[PDB]
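Some notes on the structure that comes next.
There are 2 protein chains.
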Amino acid sequence: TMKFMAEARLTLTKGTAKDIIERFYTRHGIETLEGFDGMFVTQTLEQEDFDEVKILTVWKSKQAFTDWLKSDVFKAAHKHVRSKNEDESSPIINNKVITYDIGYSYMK
Amino acid sequence: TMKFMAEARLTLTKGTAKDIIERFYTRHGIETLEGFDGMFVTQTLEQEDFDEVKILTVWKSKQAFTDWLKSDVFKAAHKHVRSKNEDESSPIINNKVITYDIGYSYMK
Ligand code: HEM
Ligand code: HEM
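Chains Z and S supply the protein sequences, listed in that same order.
Everything in the first sequence is counted per this note's numbering, starting at 1 for the first residue and increasing by one.
Everything in the second sequence is counted per this note's numbering, starting at 1 for the first residue and increasing by one.
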């Protein structure tokens, strides 16, 4: 079932992680995708200059994730999302996307 | 309840990830710890010179994880694990441990 993971790694103004994280309590339709299995939003411990928040998403296939990226619900979730280069008031400093095959999983 | 994540990031000789990942199909007792919630073992996509394998573990608390680190089941799991510096035949070149608070999670 859980075969592919996509991560968005966000670099944020120090101290703004809690505010960004609370936004994830509200669904925007990712849950409607048959291929979507789950998500974790993490804050990296022991960071000096910036906060780091990772959004980890777990999928039945790479295709489920690639379709999501192109979907209306992805657009809806990210409609009002701006990075500092687009809106100076945004705490989002940098973003990188990393993808993975999940070779083994076990949820207790 | 998934409040803490610990990651072991392994840098491996290119082409050896499959062999290493298969080892994780065998449990060594981590599942017996109340504070353990689950694990994923991933291979990073698009890596050029080395394979990258991550072991992600999800816990009810940091204490659950640090207790496991010094536990007998940790030793049982890692008893016959060697890196290249200890045994040149090992494809395990380097390791880094990263820890995280989990601020939000949802499994569909
Ligand atoms: C690349 C630049 C990105 C930025 C700056 C960003 C930031 C954000 C923010 C702030 C939210 C919360 C929206 C709100 O409720 O106000 C959100 C939603 C979300 N993001 Fe992104 N994100 C990016 C791309 C990605 C990627 C590649 C993934 C794939 C893992 C991802 C995963 C998610 C998920 C799962 C949600 C909630 C979706 C839903 O509930 O329907 N994000 N993103
Ligand atoms: C940093 C040095 C480490 C290396 C080189 C390493 C490598 C390995 C290998 C090769 C195995 C498979 C053993 C087998 O069945 O033959 C294993 C077991 C495992 N490793 Fe590690 N590991 C390290 C530390 C960690 C850390 C910090 C974590 C925490 C996320 C972790 C998570 C796990 C888990 C959950 C298992 C299976 C435990 C069980 O089933 O009881 N490892 N490790």
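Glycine is no exception: its CB is placed at the ideal position from the N, C-alpha and C atoms.
query                                                                                                                                                            : result
Can a CB atom of chain S be found closer than 8 Å to the CB of residue 45 of chain Z?                                                                            : yes
Are at least three pairs of beta-carbons, each pair with one atom in the segment 31-51 of chain Z and one in the segment 91-106 of chain S, less than 8 Å apart? : yes
Please classify residue 56 of chain Z: does DSSP put it in a helix, a strand, or coil?                                                                           : strand
Put residue 50 of chain S into one of helix, strand or coil per three-state DSSP.                                                                                : strand
Could you check what DSSP says for residue 1 of chain Z in three-state terms: helix, strand or coil?                                                             : coil
For a cutoff of 8 Å on Cβ pairs, would you count residue 105 of chain S as touching chain Z?                                                                     : yes
Is there at least one non-hydrogen atom of ligand 2 closer than 7 Å to the beta-carbon of residue 95 of chain S?                                                 : yes
When you measure from the CB of residue 86 of chain S to every non-hydrogen atom of ligand 2, does any distance come out below 7 Å?                              : no
What residues of chain S sit near residue 99 of chain Z, judged by a beta carbon separation below 9 Å?                                                           : 44, 45 and 46
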